[PDB]
Structures are given as C-alpha cells and as structure tokens.
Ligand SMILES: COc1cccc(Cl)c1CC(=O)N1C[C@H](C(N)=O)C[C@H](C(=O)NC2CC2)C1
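Next up: a single chain in structure tokens, the form deposited without the named molecule.
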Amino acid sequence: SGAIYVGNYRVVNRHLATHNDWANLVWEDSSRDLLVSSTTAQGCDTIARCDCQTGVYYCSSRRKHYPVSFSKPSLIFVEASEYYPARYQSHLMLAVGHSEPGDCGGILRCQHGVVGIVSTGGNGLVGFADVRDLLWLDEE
C-alpha cells in the first residue's frame, strides 16, 4: 500500500483505489495502474521532473529502502499477479529488486523528488509506475 500526496492530489495504484478515490476522481489510466483523487489537506511530496535512472524505493515486505538503477518508462509485458492478468503496462520502469503485491504504492525517489510508485513485481524485478510526465500534478 501507499500513495503520493502532492498538492491537493492523492496518487495511488489504480487497483488499490478506494470508493472515496473513485467518488473524488481526478484522472485514472488502467494501462498505467494509476489513479489520482482530490484531497482536502495539502500533501508533503514533490514530484521529480527529470530523466534520472537512479533512485531509492521503499519495500514494505522488507521494511527497507533500497538504492536501485531503473529503466526509462516503457510499454512492458507484465506476467499475471494476484491483482492483474498477464498484460502490457505502459509508463513502467523496471529495476532489479524485491517486490510482492503488497509492496505496491511504495515510493521511488531521486534527487529531484518522487519518480513513481511500486506497481509490479516477481522474477527478481520491481516495476514502478512513472509519474514524472504528469506535469499537471504540480498545479491547480
């Protein structure tokens, strides 16, 4: 579990969005595993605006943050998980590391701020849904 809290936006994995998220929906994309909802209180996070390929992510199933190198966001085939069938996922970055389903929502961060959230795992990789292209998160 986990979210990004930027301005008056909550960014969550689409598959973990609540009824309240859907009732306060700003934007969602199943192909990216992302959903954004509106918040009453302003959030503490800053979105990275960069093309870094190194950062640190939080792994809940280890209670640990790991430094990783990761691929640039791409359209990637993802094998079946507990929460999605085998399918193509867009705007996905991969790193070598541990990820189980409950790790989804952990933040990946670089020197510029939040890069994305854990979205995929298995076979010794962790996949992250990028948010750095979502420039509208920074205003309004």
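Rigid core (definition): largest C-alpha set, two forms, superposition within 1.5 Å. Residue positions are given as counts along the sequence shown, with the first one as 1. Residues that one form lacks are left out of the comparison.
Keep in mind that the form solved in complex with the named molecule is not shown, yet the notes after this line are about it.
In this form the binding site is blocked, since the named molecule, overlaid from its pose in the deposited complex, puts three or more atoms within 2.4 angstroms of backbone or C-beta atoms. The named molecule in the deposited complex is approached by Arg87, whose closest heavy atom lies within 4.5 angstroms of it.
Fitting the two forms on the rigid core leaves the C-alpha of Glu82 displaced by at least 2 angstroms between the shown form and the other one. After superposition on the rigid core, only one stretch of three or more consecutive residues whose Cα atoms move by at least 2 Å between the shown form and the other one is found, at 79 to 86.
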